[PDB]
C-alpha cells in the first residue's frame, strides 16, 4: 500500500506550507524561464548579458506558470495526506514545469546524476532543455513523473481514467488544456466517470486549465457563460468547483491560501465519496472537477512592445523573441527573471534552499518517484493458463482444413481463464464489439463494468457496477484507457472492427513513439505490457455492413514504426484459431510492443495443429509440406504464398485445383509479416537464406495478401527473387454482398488465384483455361444474383486432407 489513501486533514493548511508553495511556484517559474532562455549563467551572476541567452529560443511559456502553481499545490496535498498520486499534464508542451518538478523533488538528479543540485547542474539543466544533444520540449517519457507526453492533445482523460482502473488507492489530478478540451477525444473523455467504480477503482480529479486561450484564439469553454460551463460539467456527472485568480491585484500569498482551502474542500469530498463507496458501491456519485481560471502566461510582463502578453494567446510560445538580439528585450527578460527573487530561493552554491522544499512529499510518494508513473516497476508476468487445453484438435483428428470454427472463440476462452487467474490486473476493452468479435466467453467469469443506470434483467446481462470488461462506443476511449492501464503496470487486450481501427491511427503513432524513445535511451523506465489489439470483422466478411467498413490499412500505418531494430511493432496474421492461440500467448508474454493481431471471426477452416502453429509463428513464414506437391524447389512451377485467413482459404482451394491439373508448386503461409523484411532493415527477420529456401531463388511467387499489396511490395524490395512476386491484395472493391463476391471483385477468389498462377507459369499455354476460370467467376456471381446465396461448389468445398 502506498501512503495512507483518502485521508482528510481535519486542520487548516499550515502557514509554513503556504510559504513553501509560494517558493516552489517562484523557483519552478524561474527555472522554467531559465530552461527556455538561458544557455549559461543560470543565477544571473555579474556579468549577466545577452551573451547568456540562447541563440535559438524555443518552448512554451504560456501554460507553464499555471502548471507550476497547480504542481505546488498537488505536491502540498500529496505530502499532507500521504496520498498515492500520478498527475496528467494535458498541456504537455509545458515540459519545463514537469522537468522543474522532478528537479525540485530530487528525482531528476537521482535519474540523471550529471544534472546535480548546484550552480553547475542548474546551468546544465537550463541549457539542455529543447537543445541539440539535450532533452525534449514536452513532458516526454524521459522525465520522471510522466506517463503522458501530451504532444498530440486529446488523450488526457482516457489516460487518467485508465490509470485508476483497478487502482483503488490512486489519485489522479488530470490537468486538461482548455484548447485540448475542444478536441473530440477529450470531449468524450469526460464521460468515463460512468465506467469506473468508486470502491474498486481510484479517483480522477479533472482540472480544466481554463487560461482563456490556445495558440492564437480564445477557447470555447473560457468564453461561454459561467452558467453554461457549470451546467456542462454537472450534466457530465461532476460537481464543479471554480477557482479564479491572477486577474486583479490580490497578493500571491492570499491566492495560495484561498486555493489550498478550496483544494482541501475538494479532497474532503473525494474522501467522503471513497468512504461512502465502502458501503454503497452502486450509487454513482458526482465526482468533483476543478475549473481553474487564471491568466495565460501568469506572472510574465503584462505588455511587451505595446501588446498584451500576460492574459493573452500571445503568451503561448516564447515571449521576447529578441532577448539575445536587442538590449530592450534583454532588459525585460532580466527584470522578469529578477521578479521571482532567485537570491532568496538558491544558496550561494546554487542549490535550492531547504525552506523551498521542506513542504514536499518524500520517497515513493514524490511525483517523480511514484511507481505508477513507471509501471514496469510494478508489473508482474501474467499467470497464464496452459495453451494446450484450447487447441482445435479437429486438425489432428480429421485433417488440415477441417471444420467451421469461429477463430476468436478460442481466444475468448483463453482470455476468460487469464482473467480468472489474474482477476484485477487484466482488462478487456471494446467499442461495443466484444461480443460481436466473439470474446464473450469472458463473461462467464466477469461482467462489463457499467456505473450508470440499470433497468431490468430483461435487458441488462453480463453487466455490473464492477467487472474487468469495459465498453464504450469510442475507439479513442478504448485505446487510451488500455494504454494507461499498461503504463501503470497492468495487462489486457481490446478488439475492433478492422476499418474502424483507423480512428485511432494517431494514438498508435504516439504510443509507438513513446516505446521507441524508451527502448532506445530510457533504461530506468522499465518494460510495460504490450498493447494487444484483436483486429477482426475484417474487409472480406463485413456481411451486414458494406464498402465503408472495408479498410485493412492499419497494416500500412504500422509499417511506419518498424525502424532501428526498436522492435516495438508487430503485425500478425492469424491463419486460424490454433495460430491465433500461439500468437496471443506470445503477445501476452511480450513487453514494450504494439501487437496487431489479425483474425477473422467468420466460420472458417482450421489449417494447422497448435504445435505446428507454435513452430511456424517463431519462424514467421513456413512451408506447408503436407500441402506442397513439389519434390524440391527446382521442381516448383509456382510458389503459392498467403497471409490472412481468407486469402489462405482461397489459395488453398486454388492449390487443390492446381494439384488436380498436374501443376507442381509449394505452399508457404505468412504469419509474422515484418519477418519478410531484409536483415538490414530488421535484424530479427528471416535471413536471405531462409527466405530463398521458402520462396525459391527464381520461381514465380503468387502472394495472396489480406491487406493492400503495396505493403508487401515495399517490404520485400531488397529481397532475393522479389521481381518474381505477384502480390494480390485488397483493391478498394466490394460492397454489401456474398462472401464469394467480395473475394471475386478483388481477384482474390480461388478461381482468380488459380488463373494468376497459370498466367505466371505459361500464359500462352494456359490462355483457354484462364478464360474458362474467368467465365466460371461470372457464372458464380450470376448464381449469387439470381439465387440469394453462393454457388454450392464454392461454399461446400473442403480441403482434400479432411
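Numbering follows the first chain given and starts at 1.
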### Summary
Per the PDB entry, mean CA B-factor is higher for 96-104 or 718-726, namely for 718-726
#### Entry: Greater mean Cα temperature factor according to the PDB record, 134-142 or 389-397
389-397
### Message
I'd like to know which of 760, 33, 70, 27 has the highest C-alpha temperature factor in the PDB entry.
### Response
760
### Task
Check the PDB entry and point out which of 271, 367, 640, 504 has the largest C-alpha temperature factor.
640
### Third assignment of residue 21 from its chain's C-alpha B-factors
lowest
### Query
If you rank the chain by CA B-factor, which third does residue 87 end up in: lowest, middle or highest?
lowest
### Query
Relative to the other modelled residues in the chain, which third contains the C-alpha temperature factor of residue 311: lowest, middle or highest?
lowest
#### Entry: Third assignment of residue 420 from its chain's C-alpha B-factors
highest
### Task
Using the B-factor values recorded in the entry, state whether the Cα atom of residue 467 falls in the lowest, middle or highest third among the modelled residues of its chain.
lowest
